[PDB]
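This document contains two forms of one protein chain, each encoded as structure tokens and listed individually as structure 1 and structure 2.
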Structure 1
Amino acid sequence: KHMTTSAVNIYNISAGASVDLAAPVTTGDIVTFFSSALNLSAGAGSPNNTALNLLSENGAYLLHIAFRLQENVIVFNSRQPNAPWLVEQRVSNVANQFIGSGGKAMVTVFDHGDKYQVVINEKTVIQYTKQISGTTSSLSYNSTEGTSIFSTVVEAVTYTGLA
């Protein structure tokens, strides 16, 4: 065959849950996490640190995106299976990254081979140089066993077979 066939896959990921991808994400592909909520409140009941993750088949964290309200930073990192975290990249001021977001948000990751480009709504927040390479085979959503900055269910959409 000569024509290009791409694919859309849709996943509902609860806080504290993971999904295995039916179509892996590789160079040229995209994943967007859609949240139907955004909670940036301080004080009692304030959200715990909340992460969205792209994992390889052996459980490496290819990209970990940790939104830390109290510390007021977004941390980007990677981690081999059963190993220490690698070198963090940080973006300061969580709320500033969600200006004009309203009551929902999206976090998009482009796999560009050597880098992951992360875009919050329309704003590129990092061109992250990869610390671990390879295909993404699962996604996960960690709210430190408690209150999340996002909706209880986040919808992940993958666009694959692009290249």
Structure 2
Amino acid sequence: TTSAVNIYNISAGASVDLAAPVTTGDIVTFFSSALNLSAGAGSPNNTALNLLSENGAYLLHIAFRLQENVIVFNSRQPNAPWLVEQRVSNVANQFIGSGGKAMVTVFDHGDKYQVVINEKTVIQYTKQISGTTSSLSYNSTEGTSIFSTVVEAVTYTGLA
């Protein structure tokens, strides 16, 4: 009876293939050592965190938009259009926990993803696409990330 922990640094703009895969029952948390909710204007995304499947599809895209004051979730296929957007308003509100740092956890629930920011569940995203996560990525628009330039992802796998 053995689960695993895996630890990745992700620079803004970079992707990472996962040493182990995230499937149902598993957890991935993105840790940022800074929080800039006065950061300015994304075009449109201040920061996006992404779970990507084997072929470069987005199972989950989490995008913080200060100037639109929303957090935007979505999925898509590789080279195909962005699917049905979901939104949660007030960005700065979901972060009242820690100043100067934050964490974003994605609980893979099989049919959904629970997304928790620090201690607060911000969406129970019903999946638009099924599949194993093999890749995580972090983007920003330069000069306006709400998060550090490096984000530490930790994965807890072997859970099921």
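Residues that one form lacks are left out of the comparison. Each residue is numbered by where it sits in the sequence of structure 1, with counting from 1. The term rigid core refers to the most C-alpha atoms you can superpose between the two forms while keeping them within 1.5 Å.
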Self-check item: Answer among 117, 135, 46, 36 for the CA shift between the two structures that reaches 2 Å or more, rigid core superposed
Solution: 46
Quiz item: Can a Cα shift of no less than 2 Å be assigned to residue 9 between the two structures, given superposition on the rigid core?
Solution: no
Quiz item: Is the C-alpha displacement of residue 20 equal to or greater than 2 Å between the two structures once the rigid core has been superposed?
Solution: no
Quiz item: residue 147: CA shift of at least 2 Å between the two structures after core fit?
Solution: yes
Self-check item: Core-referenced Cα shift (Å), residue 157, between the two structures
Solution: 0.2
Exercise. Report, in Å with one decimal, the C-alpha displacement of residue 101 between the two structures after core superposition.
Key: 1.8
Quiz prompt | Displacement runs between the two structures, C-alpha, 2 Å or more, three or more consecutive residues, core aligned | solution = 42-49, 144-147
